[PDB]
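Novice: First the structure, which I've put down as structure tokens, then a few questions once you've had a look.
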Ligand SMILES: [Zn+2]
Ligand SMILES: [Zn+2]
Ligand SMILES: [Zn+2]
Ligand SMILES: [Zn+2]
Ligand SMILES: [Zn+2]
Ligand SMILES: [Zn+2]
């Protein structure tokens, strides 16, 4: 409620804030540890759960490292597109020099000004089977 | 009205029907001529106007040949994507072997089943400036 529900949203805001400052993918462990170093007192279970909400509402992007651990980043600022899981919303960052190249030339081919494009991929994720 | 508005929709239906049977891009002239050969009595102005409505509501796709003439086809049945004019809705067919290739591998890369994708391009057309 007021001791709990206001302290809850205050935790999330602290997680959100740490992300805005990080430029690279980080595990939930690494993110918990840096919050701790920064004076926060936020349990690892709460961190993992928050990053999951973020990773499936499209605020953070995710990857699975050769370990098995999920890593996270606030959406990347440099132009890219996303792969998304239909079932849980898990968002993965995707791109390509030579796809983005195709999309540009084909517009100026037919003589179009003010070009823009949307590329989206979807599927049922590994976890979701 | 009943002599006019019912005969009007009857004309469009005859144009729509000819398209369902043609597999290749054809000018408004060529399409008028074949309607005529098929027993219809539909003026060239009405044909040109119908194909324009179709070309910008997304029923036919369009191209501009080295002459300057617009050519038209009912949407192609083989998998492709579209370029579209923001201003008039002019729909042009676009595709690529090596774009479609990228989209598939990147999904089965991260271990996704039941893959699908949407690619859309947009811009202000040559006619529209
Ligand atoms: Zn992203
Ligand atoms: Zn792009
Ligand atoms: Zn999933
Ligand atoms: Zn088409
Ligand atoms: Zn495709
Ligand atoms: Zn236009």
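Please note: Cβ atoms are built from the backbone with ideal geometry, for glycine as well, and neighbour counts cover all protein chains shown. Readers should treat all values here as calculations from the given coordinates under stated rules, not as data from a laboratory.
Novice: Mean shadow of the stretch B:1-74, computed from the convex hull of its alpha carbons, in nm²?
Specialist: 5.0 nm²
Novice: Given Cα positions, please report Rg to Rh for the protein assembly as shown, the hydrodynamic radius being the Kirkwood one.
Specialist: A ratio of 1.17.
Novice: Under a crude label model (7 Å from the Cα following the beta-carbon direction), how far is residue B:87 from residue A:34 in nanometres?
Specialist: Output for this residue pair reads 4.7 nm.
Novice: Round to the nearest 10 and give me the degree value, 0 to 90, for the angle of helix B:44-55's Cα axis relative to the longest principal axis of chain B.
Specialist: Approximately 20 degrees, to the nearest ten.
Novice: Taking every pair of alpha-carbon atoms in the stretch B:75-129, give the share separated by more than 17 Å as a whole percent.
Specialist: Summing the P(r) tail past 17 Å for the stretch B:75-129 gives 50 percent.
Novice: OK, next. Hey, how many Å between the Cα centroid of the stretch B:40-107 and the Cα centroid of the stretch A:61-128?
Specialist: 26 Å
Novice: Compute the acute angle (0 to 90°) between the alpha-carbon long axis of helix B:5-21 and the principal axis of greatest extent of the alpha-carbon atoms of chain B; round to the nearest 10°.
Specialist: Helix B:5-21 and the main axis of chain B meet at about 50 degrees.
Novice: Rounded to the nearest 5, what % of the DSSP beta bridges within chain B are antiparallel ones?
Specialist: Taking every DSSP beta bridge with both residues in chain B, the antiparallel ones total about 75 percent.
Novice: Tell me what chain B gives for mean residue ellipticity at 222 nm when only DSSP H runs of n ≥ 4 count, each as -39,500 (n - 2.57), the sum divided by the residue total, rounded to 500 deg cm²/dmol.
Specialist: Result for chain B, helices only: -13000 deg cm²/dmol.
Novice: Comparing B:47, B:115, B:71, which has the greatest mean-square fluctuation in the GNM of chain B with Cα pairs linked when under 10 Å apart?
Specialist: B:115
Novice: Taking the Cα of residue A:114, stepping 7 Å toward and past its beta carbon, and measuring to each backbone N in the stretch B:61-103: which are under 15 Å?
Specialist: From the stretch B:61-103, the list is B:84-90.
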